[PDB]
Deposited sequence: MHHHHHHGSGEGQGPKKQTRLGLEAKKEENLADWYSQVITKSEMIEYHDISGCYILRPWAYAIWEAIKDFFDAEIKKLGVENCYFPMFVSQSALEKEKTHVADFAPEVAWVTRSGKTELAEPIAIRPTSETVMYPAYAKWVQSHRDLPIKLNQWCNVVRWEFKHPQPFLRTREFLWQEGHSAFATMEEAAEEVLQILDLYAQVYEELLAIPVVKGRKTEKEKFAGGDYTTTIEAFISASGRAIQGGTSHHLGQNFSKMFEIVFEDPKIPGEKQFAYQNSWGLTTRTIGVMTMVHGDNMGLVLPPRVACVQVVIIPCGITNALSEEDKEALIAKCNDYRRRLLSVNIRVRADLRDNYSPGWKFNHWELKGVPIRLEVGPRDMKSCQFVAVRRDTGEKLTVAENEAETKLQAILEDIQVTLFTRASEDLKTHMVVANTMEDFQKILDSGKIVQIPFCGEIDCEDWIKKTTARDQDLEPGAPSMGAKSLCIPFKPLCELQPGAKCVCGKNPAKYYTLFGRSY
């Protein structure tokens, strides 16, 4: 089949499966929940990596790599169902089983304890780009809920809570920046409830994205304040410089962002014609397509001219000069892959000193003169990035509203919206909301937003007063 079959509003699952394969991003594997990242998908991850990696180095974070294997002893200092266990090498069984990391707290922090003698050893700010395994036996999805996934995990240890408190929001803003400025995805910054917070953590901050096709929200990336909980388990301690004899535990953060990003990018921006790449993230921003043997070679020459002219303005461009494929095949092919701009030039356009420039987001065919080629296209790329963010941003505002009763909350949820409600914060009430909304698949707490829409008031459960406005909704 040439293009997509299922519409996004018709069958999101089929639509999603078709767009990720037809855009040459994903290939399926014979192990469930594991997917192959083809260059078109991996290039986006590299764009995210290059940005985020450069930004954390300004904050004084340094890259590293810890082992993928965790001892049982290390895991049970903290203490599971998602942890993959290696039990044999070849035919011979191991004396003791060894676990694949779902996260590296128990791997890294024993070494942190050895590196901390005094407060001058702090702060320690380390990051690693690696893979982790979480054997979640649900229905896995490419990018969004994968059994293996690439990510970064940062782990910081400080002398004071206040130092650690500032980094949490610094990192969370960098994640929002990755979602908003790179991927053009609007996000809601907030604190997780007690039920949804990171196990062993003091508090978890999160960025919540909204996938309007499902009417479901998704956790976009979290920054955790572990406090002194992990530094006690592994005895990360230093001499108190203010108090002669006493000993103080290190205040720790951990933070992580994954290849889920690419899945949210696909789900939000993608349309019924295929993938849609934000220019800031697209490895190919512009694709040049040629539209007598001498006249054919002249058409090739014009394309190589436009190619190198765009490279001189650092615009990531590629010329598709393969003569084995027709122009019509190329338009559709690069449509599916979601290249922001198709630079189209035919015999008549070449003669008239111009070319057709097709925007991927709108489908607008703009005729630009050869002299205004490199100034206009970057203006178009910027407008594509802005159009994508604005469209999605307003899509979020429209689908996020306030409700003060469980009755109004239910109907708003049924319309495919997420909604902020007066909430006490207690976990028994949170389970009741999931239970009641499922019977009337259940709605979960997404985050307690830093900037809520309205201000406080009885709780939705109607037993005790409300502590804060909390964002609820159906979720991935």
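What the model leaves out of the deposited chain are the segments 1-19, 99-104, 317-322, 472-480, 497-499.
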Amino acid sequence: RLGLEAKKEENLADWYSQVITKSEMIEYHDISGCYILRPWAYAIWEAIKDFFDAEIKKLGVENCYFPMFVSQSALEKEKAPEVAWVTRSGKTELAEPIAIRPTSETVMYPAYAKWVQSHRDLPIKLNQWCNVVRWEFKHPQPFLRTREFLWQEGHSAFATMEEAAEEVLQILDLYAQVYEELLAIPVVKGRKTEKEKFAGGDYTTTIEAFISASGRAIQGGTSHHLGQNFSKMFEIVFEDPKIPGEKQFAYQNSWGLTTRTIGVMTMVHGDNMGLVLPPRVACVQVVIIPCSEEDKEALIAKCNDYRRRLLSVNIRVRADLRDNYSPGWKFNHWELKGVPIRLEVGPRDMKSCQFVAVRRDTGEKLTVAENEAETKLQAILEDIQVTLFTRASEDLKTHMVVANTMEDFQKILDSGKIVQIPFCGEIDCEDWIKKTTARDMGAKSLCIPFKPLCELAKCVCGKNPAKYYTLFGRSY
From here on, numbers count along this sequence of modelled residues.
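Each form is matched to the other, and the largest set of C-alpha atoms that superpose within 1.5 Å is called the rigid core.
Of the two stretches examined, 225-233 and 95-103, the one with higher mean CA deviation in 8 other deposited structures of this protein after a rigid core fit is 95-103. Larger root-mean-square CA separation from the shown form, computed after a rigid core fit of the structures in 8 other deposited structures of this protein, is seen for 81-89 when 81-89 is set against 143-151. For the cut-off of one third of the other compared entries, residue 27 stays well clear, since all of them model it along with its flanks. Coordinates for residue 440 are absent from at least a third of the other compared entries of this protein that model residues on both sides of it. According to the PDB record, 235-243 carries the higher mean C-alpha B-factor of the two stretches 94-102 and 235-243.
In this crystal structure, the stretch out of 190-198 and 368-376 whose C-alpha atoms carry the higher mean B factor is 368-376. For the set 120, 330, 147, 260, the maximum C-alpha B-factor listed in the entry falls on 120.
When the Cα B-factors of 335, 208, 293, 320 are read from the PDB record, 293 comes out highest. Per the PDB record, residue ranking by Cα B-factor puts residue 397 in the middle third of the chain. Residue 407 sits in the highest third of its chain by CA B factor, as recorded in the PDB entry.
Ranked by Cα temperature factor within the chain, residue 55 sits in the middle third according to the deposited record. Residue 326: CA B factor in the middle third of modelled residues in this chain (values from the PDB entry). The deposited CA B-factor of residue 432 belongs to the highest third of values across its chain.
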